[PDB]
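Colleague: My questions all concern the structure below.
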Amino acid sequence: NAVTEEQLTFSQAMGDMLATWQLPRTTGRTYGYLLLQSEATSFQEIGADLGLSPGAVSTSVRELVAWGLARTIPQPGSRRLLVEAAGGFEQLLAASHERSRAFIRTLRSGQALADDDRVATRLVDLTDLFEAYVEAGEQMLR
Amino acid sequence: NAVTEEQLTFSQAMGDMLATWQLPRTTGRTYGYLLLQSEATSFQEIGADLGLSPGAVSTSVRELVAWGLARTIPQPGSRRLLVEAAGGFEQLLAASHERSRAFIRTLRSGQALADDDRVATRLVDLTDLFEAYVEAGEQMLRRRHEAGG
């Protein structure tokens, strides 16, 4: 029905969003699904509700747990796991911050290679703005 | 020699860096090259120094100029253009901010679709933090200009 379609399209959009951090689209789709579930769900349920193969569900859940976006829960009397959304974007955003720190080092390397005052100053000004931008969000993670 | 190799590798790294903000790698490479040039350079020099086709150079320059990362300079007595690094990252970062704003609308849509309090609370906490993170960078850029920076 209409609500199922809205939840599935939200899942699809979350796949595209988490791909900005190089997570496979199926992993973000699984996350978007979990976000709208009120109770923990089995791997079988995730697969049935998203039309995913068991290997795809297993891989996605493992990635989400590794990134602090989900938690797996054992079940009495079975090896089957339940899954729920958990944590948040802190770990993904910290990883993005670290990539930006490597970018800052590349920019500072260019500053050092500059063999002309005009070239050096241009790179200093470019780098200072980017550093200010990068560390604005770092205060949010703080 | 050592300095030319270091300049080329800086150019290569800048291509990889700006691909984060969806700038094609050859375009980011051209930008990193221009950043270390003390004088405006011709299309022929860019292509020779970077091993790029005339079409690749022309496309890259047009994209950098569109993004406010380079300026083209006419030459007396010719139709050939010179190119120099210009402006800065402001436009690329603003474009990134706009993509994040669309993500926030998606998250707020899921929040609205939430059909019980536990789900809604999880989504509003997740989205509140991401939106605060996004708007910190935007406020930073806006404030940098009002202050005289």
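Chain labels follow the order of the structure tokens: the first chain is A, the next B, and so on; residue numbering restarts at 1 in every chain, and ligands are counted from 1 in their shown order.
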Give me, as JSON lines, each residue of range 1-65 of chain B that comes within 12 Å of range 16-24 of chain A, together with its shortest interatomic pair and the distance in Å at one decimal, counting only C-alpha atoms, with rows ordered by chain and rising residue number.

Modeller:
```
{"residue": "B:19", "atom": "CA", "partner": "A:20", "partner_atom": "CA", "distance": 11.4}
{"residue": "B:20", "atom": "CA", "partner": "A:20", "partner_atom": "CA", "distance": 8.6}
{"residue": "B:21", "atom": "CA", "partner": "A:20", "partner_atom": "CA", "distance": 9.8}
{"residue": "B:22", "atom": "CA", "partner": "A:20", "partner_atom": "CA", "distance": 10.2}
```

Colleague: For range 9-15 of chain A, work out the shell of residues within 8 Å, counting only C-alpha atoms and skipping chain neighbours fewer than 2 positions away, then give it as an mmCIF file with N, CA, C and O atoms, in the first residue's frame.

Modeller:
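The file below, out.cif, is the result:
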```
data_model
loop_
_atom_site.group_PDB
_atom_site.id
_atom_site.type_symbol
_atom_site.label_atom_id
_atom_site.label_comp_id
_atom_site.auth_asym_id
_atom_site.auth_seq_id
_atom_site.Cartn_x
_atom_site.Cartn_y
_atom_site.Cartn_z
ATOM 1 N N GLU A 5 5.038 1.596 0.220
ATOM 2 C CA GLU A 5 5.776 2.217 -0.879
ATOM 3 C C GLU A 5 6.608 3.404 -0.399
ATOM 4 O O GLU A 5 7.767 3.561 -0.805
ATOM 5 N N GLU A 6 6.041 4.251 0.471
ATOM 6 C CA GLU A 6 6.811 5.364 1.029
ATOM 7 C C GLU A 6 8.022 4.870 1.821
ATOM 8 O O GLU A 6 9.121 5.427 1.695
ATOM 9 N N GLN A 7 7.845 3.830 2.642
ATOM 10 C CA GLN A 7 8.972 3.304 3.419
ATOM 11 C C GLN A 7 10.038 2.699 2.509
ATOM 12 O O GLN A 7 11.242 2.874 2.747
ATOM 13 N N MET A 17 22.082 8.006 -0.251
ATOM 14 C CA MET A 17 22.775 8.841 0.723
ATOM 15 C C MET A 17 24.047 8.195 1.276
ATOM 16 O O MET A 17 25.105 8.823 1.283
ATOM 17 N N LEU A 18 23.962 6.946 1.744
ATOM 18 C CA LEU A 18 25.149 6.345 2.343
ATOM 19 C C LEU A 18 26.209 6.026 1.301
ATOM 20 O O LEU A 18 27.377 5.827 1.654
ATOM 21 N N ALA A 19 25.829 5.984 0.028
ATOM 22 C CA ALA A 19 26.815 5.834 -1.034
ATOM 23 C C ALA A 19 27.760 7.028 -1.111
ATOM 24 O O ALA A 19 28.866 6.901 -1.658
ATOM 25 N N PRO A 24 28.043 0.472 -0.087
ATOM 26 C CA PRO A 24 27.222 -0.050 -1.182
ATOM 27 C C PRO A 24 25.772 0.364 -0.993
ATOM 28 O O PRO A 24 25.277 0.445 0.131
ATOM 29 N N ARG A 25 25.099 0.638 -2.111
ATOM 30 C CA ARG A 25 23.723 1.115 -2.043
ATOM 31 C C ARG A 25 22.827 0.142 -1.288
ATOM 32 O O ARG A 25 21.936 0.568 -0.549
ATOM 33 N N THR A 26 23.058 -1.165 -1.436
ATOM 34 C CA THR A 26 22.211 -2.119 -0.728
ATOM 35 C C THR A 26 22.358 -1.977 0.785
ATOM 36 O O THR A 26 21.398 -2.207 1.536
ATOM 37 N N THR A 27 23.537 -1.562 1.249
ATOM 38 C CA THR A 27 23.752 -1.380 2.681
ATOM 39 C C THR A 27 22.940 -0.203 3.220
ATOM 40 O O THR A 27 22.287 -0.325 4.263
ATOM 41 N N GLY A 28 22.928 0.924 2.499
ATOM 42 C CA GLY A 28 22.086 2.050 2.895
ATOM 43 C C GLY A 28 20.598 1.764 2.770
ATOM 44 O O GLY A 28 19.797 2.258 3.570
ATOM 45 N N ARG A 29 20.208 0.981 1.764
ATOM 46 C CA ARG A 29 18.823 0.529 1.667
ATOM 47 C C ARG A 29 18.420 -0.291 2.891
ATOM 48 O O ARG A 29 17.326 -0.110 3.444
ATOM 49 N N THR A 30 19.295 -1.202 3.326
ATOM 50 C CA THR A 30 19.014 -1.991 4.522
ATOM 51 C C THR A 30 18.896 -1.085 5.741
ATOM 52 O O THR A 30 17.976 -1.234 6.556
ATOM 53 N N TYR A 31 19.787 -0.103 5.854
ATOM 54 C CA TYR A 31 19.721 0.839 6.970
ATOM 55 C C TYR A 31 18.412 1.624 6.962
ATOM 56 O O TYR A 31 17.760 1.769 8.005
ATOM 57 N N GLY A 32 18.021 2.155 5.795
ATOM 58 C CA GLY A 32 16.777 2.911 5.719
ATOM 59 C C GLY A 32 15.573 2.086 6.144
ATOM 60 O O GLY A 32 14.694 2.576 6.854
ATOM 61 N N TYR A 33 15.529 0.816 5.726
ATOM 62 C CA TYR A 33 14.502 -0.120 6.196
ATOM 63 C C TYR A 33 14.508 -0.243 7.718
ATOM 64 O O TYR A 33 13.463 -0.114 8.375
ATOM 65 N N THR B 106 15.303 14.116 3.013
ATOM 66 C CA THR B 106 15.004 12.684 3.024
ATOM 67 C C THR B 106 14.872 12.159 4.449
ATOM 68 O O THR B 106 13.932 11.421 4.775
ATOM 69 N N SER B 109 11.750 13.373 5.950
ATOM 70 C CA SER B 109 10.627 12.633 5.384
ATOM 71 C C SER B 109 10.419 11.310 6.109
ATOM 72 O O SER B 109 9.281 10.944 6.450
ATOM 73 N N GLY B 110 11.509 10.569 6.347
ATOM 74 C CA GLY B 110 11.412 9.348 7.142
ATOM 75 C C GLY B 110 10.908 9.606 8.551
ATOM 76 O O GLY B 110 10.078 8.855 9.077
#
```

Colleague: Contacts of residue 127 in chain B at 10 Å or less, counting only C-alpha atoms, minus same-chain residues fewer than 6 places along, as a list in words?

Modeller: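 Here the answer would be residues 88 and 89 of chain A; 103, 104, 105, 106, 107, 108, 110, 111, 121 and 133 of chain B.
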
Colleague: Given a cut-off of 8 Å, which residues of chain B touch chain A, counting only C-alpha atoms, written out as a PDB file with N, CA and C atoms, in the first residue's frame?

Modeller:
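In the end it all went to selection-v7.pdb:
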```pdb
ATOM      1  N   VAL B   3      61.471  18.312  -8.428  1.00  0.00           N
ATOM      2  CA  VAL B   3      60.426  19.318  -8.232  1.00  0.00           C
ATOM      3  C   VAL B   3      59.288  19.130  -9.236  1.00  0.00           C
ATOM      4  N   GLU B   6      57.272  16.174  -8.055  1.00  0.00           N
ATOM      5  CA  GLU B   6      56.440  16.525  -6.906  1.00  0.00           C
ATOM      6  C   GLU B   6      55.225  17.341  -7.336  1.00  0.00           C
ATOM      7  N   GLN B   7      55.413  18.272  -8.284  1.00  0.00           N
ATOM      8  CA  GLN B   7      54.290  19.068  -8.780  1.00  0.00           C
ATOM      9  C   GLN B   7      53.257  18.196  -9.480  1.00  0.00           C
ATOM     10  N   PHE B  10      51.346  16.221  -6.846  1.00  0.00           N
ATOM     11  CA  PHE B  10      50.372  17.112  -6.211  1.00  0.00           C
ATOM     12  C   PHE B  10      49.143  17.281  -7.098  1.00  0.00           C
ATOM     13  N   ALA B  13      47.068  14.175  -6.882  1.00  0.00           N
ATOM     14  CA  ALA B  13      46.342  14.120  -5.613  1.00  0.00           C
ATOM     15  C   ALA B  13      45.154  15.080  -5.596  1.00  0.00           C
ATOM     16  N   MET B  14      45.289  16.244  -6.225  1.00  0.00           N
ATOM     17  CA  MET B  14      44.186  17.208  -6.248  1.00  0.00           C
ATOM     18  C   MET B  14      43.013  16.685  -7.071  1.00  0.00           C
ATOM     19  N   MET B  17      41.283  14.393  -4.740  1.00  0.00           N
ATOM     20  CA  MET B  17      40.617  15.136  -3.678  1.00  0.00           C
ATOM     21  C   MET B  17      39.293  15.720  -4.133  1.00  0.00           C
ATOM     22  N   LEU B  35      47.521  25.507  -9.697  1.00  0.00           N
ATOM     23  CA  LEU B  35      47.822  26.047  -8.369  1.00  0.00           C
ATOM     24  C   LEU B  35      49.313  26.284  -8.167  1.00  0.00           C
ATOM     25  N   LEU B  36      50.174  25.489  -8.798  1.00  0.00           N
ATOM     26  CA  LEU B  36      51.607  25.641  -8.581  1.00  0.00           C
ATOM     27  C   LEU B  36      52.301  26.448  -9.677  1.00  0.00           C
ATOM     28  N   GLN B  37      51.551  26.978 -10.641  1.00  0.00           N
ATOM     29  CA  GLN B  37      52.098  27.857 -11.669  1.00  0.00           C
ATOM     30  C   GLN B  37      52.122  29.304 -11.184  1.00  0.00           C
ATOM     31  N   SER B  38      53.282  29.962 -11.301  1.00  0.00           N
ATOM     32  CA  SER B  38      53.360  31.360 -10.905  1.00  0.00           C
ATOM     33  C   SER B  38      52.808  32.310 -11.961  1.00  0.00           C
ATOM     34  N   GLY B  88      38.304  30.055  -5.375  1.00  0.00           N
ATOM     35  CA  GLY B  88      38.596  29.083  -4.339  1.00  0.00           C
ATOM     36  C   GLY B  88      37.502  28.041  -4.264  1.00  0.00           C
ATOM     37  N   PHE B  89      37.491  27.302  -3.150  1.00  0.00           N
ATOM     38  CA  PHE B  89      36.574  26.180  -2.971  1.00  0.00           C
ATOM     39  C   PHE B  89      35.141  26.583  -2.651  1.00  0.00           C
ATOM     40  N   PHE B 103      19.668  15.464   1.511  1.00  0.00           N
ATOM     41  CA  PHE B 103      19.714  14.327   2.427  1.00  0.00           C
ATOM     42  C   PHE B 103      18.901  14.610   3.681  1.00  0.00           C
ATOM     43  N   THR B 106      15.303  14.116   3.013  1.00  0.00           N
ATOM     44  CA  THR B 106      15.004  12.684   3.024  1.00  0.00           C
ATOM     45  C   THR B 106      14.872  12.159   4.449  1.00  0.00           C
ATOM     46  N   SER B 109      11.750  13.373   5.950  1.00  0.00           N
ATOM     47  CA  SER B 109      10.627  12.633   5.384  1.00  0.00           C
ATOM     48  C   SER B 109      10.419  11.310   6.109  1.00  0.00           C
ATOM     49  N   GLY B 110      11.509  10.569   6.347  1.00  0.00           N
ATOM     50  CA  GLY B 110      11.412   9.348   7.142  1.00  0.00           C
ATOM     51  C   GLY B 110      10.908   9.606   8.551  1.00  0.00           C
ATOM     52  N   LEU B 113       7.254   9.877   8.345  1.00  0.00           N
ATOM     53  CA  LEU B 113       6.622   8.588   8.079  1.00  0.00           C
ATOM     54  C   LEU B 113       6.604   7.693   9.310  1.00  0.00           C
ATOM     55  N   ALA B 114       7.461   7.974  10.291  1.00  0.00           N
ATOM     56  CA  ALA B 114       7.536   7.166  11.508  1.00  0.00           C
ATOM     57  C   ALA B 114       6.165   7.026  12.151  1.00  0.00           C
ATOM     58  N   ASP B 116       5.536   5.274  15.110  1.00  0.00           N
ATOM     59  CA  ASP B 116       5.441   5.292  16.565  1.00  0.00           C
ATOM     60  C   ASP B 116       6.600   6.096  17.141  1.00  0.00           C
ATOM     61  N   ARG B 118       9.050   5.652  19.308  1.00  0.00           N
ATOM     62  CA  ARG B 118      10.416   5.140  19.330  1.00  0.00           C
ATOM     63  C   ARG B 118      11.107   5.370  17.994  1.00  0.00           C
ATOM     64  N   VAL B 119      10.408   5.066  16.898  1.00  0.00           N
ATOM     65  CA  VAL B 119      10.975   5.275  15.569  1.00  0.00           C
ATOM     66  C   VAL B 119      11.169   6.760  15.309  1.00  0.00           C
ATOM     67  N   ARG B 122      14.216   8.128  17.321  1.00  0.00           N
ATOM     68  CA  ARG B 122      15.477   7.713  16.707  1.00  0.00           C
ATOM     69  C   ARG B 122      15.798   8.558  15.478  1.00  0.00           C
ATOM     70  N   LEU B 123      14.797   8.806  14.628  1.00  0.00           N
ATOM     71  CA  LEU B 123      15.042   9.596  13.426  1.00  0.00           C
ATOM     72  C   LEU B 123      15.305  11.065  13.746  1.00  0.00           C
ATOM     73  N   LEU B 126      18.923  11.292  15.122  1.00  0.00           N
ATOM     74  CA  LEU B 126      19.875  11.071  14.036  1.00  0.00           C
ATOM     75  C   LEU B 126      19.960  12.291  13.122  1.00  0.00           C
ATOM     76  N   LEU B 129      21.472  15.744  14.651  1.00  0.00           N
ATOM     77  CA  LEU B 129      22.929  15.804  14.725  1.00  0.00           C
ATOM     78  C   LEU B 129      23.537  16.029  13.345  1.00  0.00           C
ATOM     79  N   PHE B 130      23.056  15.293  12.344  1.00  0.00           N
ATOM     80  CA  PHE B 130      23.575  15.463  10.990  1.00  0.00           C
ATOM     81  C   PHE B 130      23.339  16.878  10.479  1.00  0.00           C
ATOM     82  N   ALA B 132      22.970  19.619  12.347  1.00  0.00           N
ATOM     83  CA  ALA B 132      23.888  20.493  13.076  1.00  0.00           C
ATOM     84  C   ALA B 132      25.291  20.439  12.474  1.00  0.00           C
ATOM     85  N   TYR B 133      25.740  19.238  12.098  1.00  0.00           N
ATOM     86  CA  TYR B 133      27.062  19.063  11.504  1.00  0.00           C
ATOM     87  C   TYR B 133      27.156  19.796  10.175  1.00  0.00           C
ATOM     88  N   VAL B 134      26.139  19.617   9.330  1.00  0.00           N
ATOM     89  CA  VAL B 134      26.095  20.271   8.024  1.00  0.00           C
ATOM     90  C   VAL B 134      26.070  21.784   8.185  1.00  0.00           C
ATOM     91  N   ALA B 136      27.092  23.651  10.611  1.00  0.00           N
ATOM     92  CA  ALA B 136      28.313  24.235  11.172  1.00  0.00           C
ATOM     93  C   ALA B 136      29.253  24.711  10.074  1.00  0.00           C
ATOM     94  N   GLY B 137      29.443  23.892   9.037  1.00  0.00           N
ATOM     95  CA  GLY B 137      30.307  24.302   7.941  1.00  0.00           C
ATOM     96  C   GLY B 137      29.743  25.487   7.184  1.00  0.00           C
ATOM     97  N   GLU B 138      28.425  25.500   6.986  1.00  0.00           N
ATOM     98  CA  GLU B 138      27.776  26.599   6.281  1.00  0.00           C
ATOM     99  C   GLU B 138      27.882  27.900   7.067  1.00  0.00           C
ATOM    100  N   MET B 140      30.142  28.622   9.201  1.00  0.00           N
ATOM    101  CA  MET B 140      31.543  28.981   9.152  1.00  0.00           C
ATOM    102  C   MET B 140      31.826  29.824   7.904  1.00  0.00           C
ATOM    103  N   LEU B 141      31.388  29.344   6.735  1.00  0.00           N
ATOM    104  CA  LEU B 141      31.640  30.083   5.495  1.00  0.00           C
ATOM    105  C   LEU B 141      30.921  31.426   5.492  1.00  0.00           C
TER     106      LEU B 141
END
```

Colleague: Rounded to one decimal, what separation in Å do you get between CA of residue 54 in chain A and CA of residue 92 in chain A?

Modeller: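 Here the two named atoms are 24.9 Å from each other.
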
Colleague: Separation of CA of residue 68 in chain B and CA of residue 86 in chain B, in Å?

Modeller: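 It comes out at 6.6 Å.
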
Colleague: Which of range 49-135 of chain A end up as strand (DSSP E) when DSSP is run on this backbone - answer as JSON, numbers by chain?

Modeller: {"A": [70, 71, 72, 73, 74, 75, 78, 79, 80, 81, 82, 83, 84, 85]}

Colleague: Just write the chosen residues, N, CA and C atoms, as a PDB file, in the first residue's frame.

Modeller:
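The new file out_5.pdb reads:
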```pdb
ATOM      1  N   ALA A  70      23.961  -0.240  13.306  1.00  0.00           N
ATOM      2  CA  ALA A  70      23.025  -1.305  13.636  1.00  0.00           C
ATOM      3  C   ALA A  70      23.633  -2.173  14.719  1.00  0.00           C
ATOM      4  N   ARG A  71      22.777  -2.977  15.335  1.00  0.00           N
ATOM      5  CA  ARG A  71      23.159  -3.900  16.384  1.00  0.00           C
ATOM      6  C   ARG A  71      22.487  -5.229  16.083  1.00  0.00           C
ATOM      7  N   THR A  72      23.220  -6.325  16.261  1.00  0.00           N
ATOM      8  CA  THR A  72      22.644  -7.658  16.151  1.00  0.00           C
ATOM      9  C   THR A  72      22.347  -8.210  17.543  1.00  0.00           C
ATOM     10  N   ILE A  73      21.290  -9.018  17.634  1.00  0.00           N
ATOM     11  CA  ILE A  73      20.756  -9.479  18.907  1.00  0.00           C
ATOM     12  C   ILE A  73      20.544 -10.984  18.821  1.00  0.00           C
ATOM     13  N   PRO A  74      21.151 -11.784  19.701  1.00  0.00           N
ATOM     14  CA  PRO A  74      20.909 -13.229  19.674  1.00  0.00           C
ATOM     15  C   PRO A  74      19.497 -13.556  20.127  1.00  0.00           C
ATOM     16  N   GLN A  75      19.034 -14.739  19.717  1.00  0.00           N
ATOM     17  CA  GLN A  75      17.691 -15.195  20.052  1.00  0.00           C
ATOM     18  C   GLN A  75      17.752 -16.476  20.866  1.00  0.00           C
ATOM     19  N   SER A  78      18.194 -20.523  19.260  1.00  0.00           N
ATOM     20  CA  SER A  78      18.466 -20.475  17.828  1.00  0.00           C
ATOM     21  C   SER A  78      19.766 -19.724  17.592  1.00  0.00           C
ATOM     22  N   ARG A  79      20.387 -20.013  16.449  1.00  0.00           N
ATOM     23  CA  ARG A  79      21.525 -19.245  15.965  1.00  0.00           C
ATOM     24  C   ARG A  79      21.107 -18.047  15.120  1.00  0.00           C
ATOM     25  N   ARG A  80      19.816 -17.896  14.833  1.00  0.00           N
ATOM     26  CA  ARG A  80      19.354 -16.772  14.029  1.00  0.00           C
ATOM     27  C   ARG A  80      19.466 -15.470  14.815  1.00  0.00           C
ATOM     28  N   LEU A  81      19.833 -14.399  14.123  1.00  0.00           N
ATOM     29  CA  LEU A  81      20.013 -13.091  14.738  1.00  0.00           C
ATOM     30  C   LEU A  81      18.867 -12.154  14.370  1.00  0.00           C
ATOM     31  N   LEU A  82      18.531 -11.268  15.299  1.00  0.00           N
ATOM     32  CA  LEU A  82      17.693 -10.115  15.007  1.00  0.00           C
ATOM     33  C   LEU A  82      18.584  -8.887  14.831  1.00  0.00           C
ATOM     34  N   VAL A  83      18.050  -7.880  14.140  1.00  0.00           N
ATOM     35  CA  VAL A  83      18.815  -6.687  13.779  1.00  0.00           C
ATOM     36  C   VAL A  83      17.974  -5.457  14.075  1.00  0.00           C
ATOM     37  N   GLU A  84      18.605  -4.419  14.626  1.00  0.00           N
ATOM     38  CA  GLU A  84      17.920  -3.146  14.797  1.00  0.00           C
ATOM     39  C   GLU A  84      18.879  -2.012  14.470  1.00  0.00           C
ATOM     40  N   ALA A  85      18.315  -0.911  13.998  1.00  0.00           N
ATOM     41  CA  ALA A  85      19.114   0.297  13.853  1.00  0.00           C
ATOM     42  C   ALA A  85      19.626   0.724  15.227  1.00  0.00           C
TER      43      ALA A  85
END
```

Colleague: Skip residue 75 in chain B itself and residues of its chain fewer than 4 positions away, then list as a ChimeraX atom specification all residues within 12 Å of it, counting only C-alpha atoms.

Modeller: /B:40-42,79-83

Colleague: Between CA of residue 142 in chain B and CA of residue 72 in chain B, measure the distance and give it in Å to one decimal.

Modeller: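 Straight-line distance from CA of residue 142 in chain B to CA of residue 72 in chain B works out to 27.3 Å.
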
Colleague: To test your reading of the structure, identify every residue in chain B that backbone DSSP assigns to alpha helix (DSSP H), and report it as a PyMOL selection string.

Modeller: chain B and resi 2-18+25-35+43-50+54-66+90-113+117-146

Colleague: With only C-alpha atoms as the atoms that count, which of B:63, B:16, B:125, B:84 lies nearest to residue 43 in chain B?

Modeller: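 Using only C-alpha atoms, residue 43 in chain B sits closest to B:84.
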